[PDB]
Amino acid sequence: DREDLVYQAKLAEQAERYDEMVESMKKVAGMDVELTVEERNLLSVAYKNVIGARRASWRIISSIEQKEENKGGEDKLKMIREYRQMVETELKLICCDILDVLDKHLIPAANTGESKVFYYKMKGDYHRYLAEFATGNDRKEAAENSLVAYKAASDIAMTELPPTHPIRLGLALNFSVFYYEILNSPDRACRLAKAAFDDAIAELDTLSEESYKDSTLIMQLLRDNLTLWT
């Protein structure tokens, strides 16, 4: 039945019906056993699509809002703000759903270094997504929760995974975005990304046959951000 859910999740993924893909993978998480690499990946892809659609909508509506602040059309701005708020409600609901799954099911049952890093990093990501649109105390709390999770993932990654491991590199990449975009700290973002890239370069003998393309891609993205940030 676990095998059946995974199949259903793969069919939903092919059909691009990511809500159903989330439904199926959340049931697998609901089983309180260590997920396979395949299952972790399917769950992560499902929520990143579901949340990504709303993050993309939110950025569009926000940019429309900013244009109109310059034209000062107030009837328009009332409708744009109400629309944005509706999308923020969905963003909050989706983040809260996977954060619950992580706290109740995935993290407690994770028993490998790789899975622990993967799930704390996911925790880091979803609080960071809450922080993207939050203001005032909600933003401070999301930022503090994101930081705690990313630090937890980093402690484990530093002791358990080689510096070329794609989950470790993916962690460095996203934690560096966190410092840049949420904490407004280009200096710390640059340091973290540069250190992760250099530490990988120092140990390229650790690249795995299973994941060298994935490692190579994240390292290119670390470099691409360093470019963007300098």
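Think of the rigid core as the biggest set of C-alphas that the two forms share within 1.5 Å after superposition. Note that residue numbering follows the sequence shown and begins at 1.
Asks: After fitting on the rigid core, which stretch moves more in 6 other deposited structures of this protein, 201-209 or 39-47, going by C-alpha RMS?
Replies: The answer is 201-209, which departs more from the shown form in 6 other deposited structures of this protein.
Asks: Of the stretches 128-136 and 74-82, which sits farther from where it is here in 6 other deposited structures of this protein, on average over its Cα atoms, after fitting the core?
Replies: Farther on average in 6 other deposited structures of this protein: 74-82.
Asks: For the C-alpha atoms alone, is the average B factor greater in 132-140 or in 150-158, going by the entry?
Replies: Comparing 150-158 with 132-140, the higher mean C-alpha B-factor belongs to 132-140.
Asks: Select between 40-48 and 198-206 the stretch whose C-alpha atoms have the higher average B-factor in the entry.
Replies: The stretch with the larger mean CA B-factor is 198-206.
Asks: When the CA B-factors of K78, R84, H127, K121 are compared as recorded in the entry, which is the largest?
Replies: So the option with the highest C-alpha B-factor is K78.
Asks: For the CA B factor values reported in this entry, which option in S176, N184, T164, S57 has the top one?
Replies: Out of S176, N184, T164, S57, the record gives the largest C-alpha B-factor to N184.
Asks: Grab the CA temperature factor for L169 from the record and place it in the lowest, middle or highest third of its chain.
Replies: Lowest third.
Asks: When the modelled residues of the chain are sorted by Cα temperature factor, does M31 land in the lowest, middle or highest third?
Replies: Highest third, going by the recorded CA B-factors of the chain.
Asks: Sorting the chain's CA B-factors, does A109 end up in the lowest, middle or highest third?
Replies: It belongs to the highest third of the chain when residues are ordered by C-alpha B-factor.
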